[PDB]
Amino acid sequence: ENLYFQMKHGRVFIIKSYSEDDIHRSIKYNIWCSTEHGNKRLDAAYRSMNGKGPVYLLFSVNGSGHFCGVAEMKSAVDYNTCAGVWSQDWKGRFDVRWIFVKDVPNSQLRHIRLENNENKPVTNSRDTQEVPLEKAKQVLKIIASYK
Ligand SMILES: CNc1ncnc2c(Br)[nH]nc12
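Residues numbered from 1 in each chain as written, not as in the entry; some residues may be left out. Heavy atoms only, no water. Residues with missing side-chain atoms left out of burial classes, pairs and counts.

Undergrad: Could you give me a rundown of the overall build of the chain, with the residues and numbers involved?
TA: Each helix and strand counted, the chain has three helices and eight strands in total. Tracing the chain from N to C terminus, the helices and strands come up as β-α-β-α-β-β-β-β-β-β-α. The C-alpha atoms of the chain give a radius of gyration of 15 Å, which matches the 15 Å a tight globule of 147 residues would have. If one aligns the C-alpha atoms of the chain with their principal axes, the spans along those axes are about 45 × 35 × 30 Å. (Helix = DSSP H or I, 4+ residues; strand = E, 2+ residues; numbered from the N terminus. Rg over C-alpha atoms; globule rule 2.2 N^0.38 Å.)

Undergrad: Outline helix α2 (residues 36-49), supporting the account with residue identities and numerical values.
TA: In this model α2 runs 20 Å from its N-terminal to its C-terminal C-alpha over 14 residues, within 8% of the 20 Å that 1.5 Å per residue would give. Just past α2, the residue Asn50 takes up positive phi, approximately 55°. (Expected span 1.5 Å × (residues − 1).)

Undergrad: Lay out the pattern of salt bridges with the relevant residues and their values.
TA: The residue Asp43 makes a salt bridge to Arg47 at a minimum N-O spacing of 3.3 Å. With a gap of four residues between them, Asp43 and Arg47 both fall in helix α2, about one helical turn apart. For the salt bridge of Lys135 with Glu115, the shortest nitrogen-to-oxygen distance reads 2.4 Å. With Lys135 in helix α3 (residues 133-145) and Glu115 in the loop between β6 (113-114) and β7 (120-121), this pair connects stretches of sequence that are 20 residues apart. (Salt bridge = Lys/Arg side-chain N within 4 Å of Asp/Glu carboxyl O.)

These figures capture arrangement, not role.
Structure, rendered in structure tokens:
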């Protein structure tokens, strides 16, 4: 048995990227940026957490068929930073720490559905879709165990 993930503090968000370049840059420099509304949502969650638990980011490139890894949010959002550092010319930056870098096919995860998103498969989420914690524990377990 593995009962590690089944912890009652933590918040988990889907991150969708159109760009494989942005993913590589994120892993290289441990930073990320979302849309304006995505940034606001992540920033609110990080600050309300007050270090009592992690904010996890589950990354997937749009259209790729797989998640590509897991990172923890590690700072609030800085909204006034150098423009143009990502593939398309994004307002701001925050720190992350990449945890897993591995491809996990959507087939491994499509059966987990999100009650807060019309019971759609977690694999059908938009950028910064939040994941209920009890579903997030199931997703993290499948990702950590995929080979
Ligand atoms: C740099 N950040 C991003 N890059 C590419 N696509 C994204 C979406 Br969709 N939301 N944030 C994104």
